[PDB]
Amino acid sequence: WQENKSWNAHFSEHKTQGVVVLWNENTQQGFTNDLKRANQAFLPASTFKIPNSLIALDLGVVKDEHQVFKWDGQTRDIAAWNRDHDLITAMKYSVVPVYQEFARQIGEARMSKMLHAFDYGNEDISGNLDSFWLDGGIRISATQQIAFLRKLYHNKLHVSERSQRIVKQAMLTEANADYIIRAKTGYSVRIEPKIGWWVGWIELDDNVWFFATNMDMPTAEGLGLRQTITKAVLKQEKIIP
């Protein structure tokens, strides 16, 4: 691994602190601004919708990316959540209640078994079955997110190939003539320290760069920095124009 303490400027410039981790697939070399925070584990929050989606698809809890999950009629604080969703829009708008019902149907035994097979973080689901990724005992670091994401990219996780392709479709975030981004955001607010996440990868013509970013997030006002800081580093390193 390679440490560049100069990169810390991107976080301090915004009066916060955090970590960016990059991985070059062709050369098999990793880069970060801070090796210790790169290996520090946090609640995954909505980045857990990647493994949760995979498990639900493989077990038949979700039939495909078109199946409609009806609003239960309870008015919640996020307007985007108070409507019907399929897998694509539930990912895009990070619809917590849809995923809470997934976890209930998967069950404790099958959830635990899958995460052990995935080698996902500390593999620990202690807490409520329907909120453990929000205020329970599961933890994962930026470097661990990278390792998990590399297996998904190569279809190496122990679920069907079909499941892995459908989730990668649902992760699609941005695309143009120069690159494709597949990724997922997160915001952990229930337990200190509050942090924001962005994890995923960038597909180029002849290479792939994996990334995992997190940063302290005392208020929701700074959530855009999740993407902004990551893109600033990528542009800096000439990965994107």
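When you see a residue number, it is the position in the sequence shown, counting from 1.
Stretch comparison (116-124 versus 72-80) by mean CA B-factor in the PDB entry places 72-80 on top.
Set 204-212 against 29-37 and average the Cα temperature factors; 29-37 ends up higher. When the modelled residues of the chain are ordered by their C-alpha B factor, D178 lands in the middle third. In the deposited entry, the Cα temperature factor of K184 places it in the lowest third of its chain's modelled residues. Per the PDB record, residue ranking by Cα B-factor puts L43 in the middle third of the chain. Remark: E65 belongs to the lowest third of its chain, ranked by C-alpha B-factor as recorded. Annotation for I191: C-alpha temperature factor in the highest third relative to the rest of the modelled chain, per the entry.
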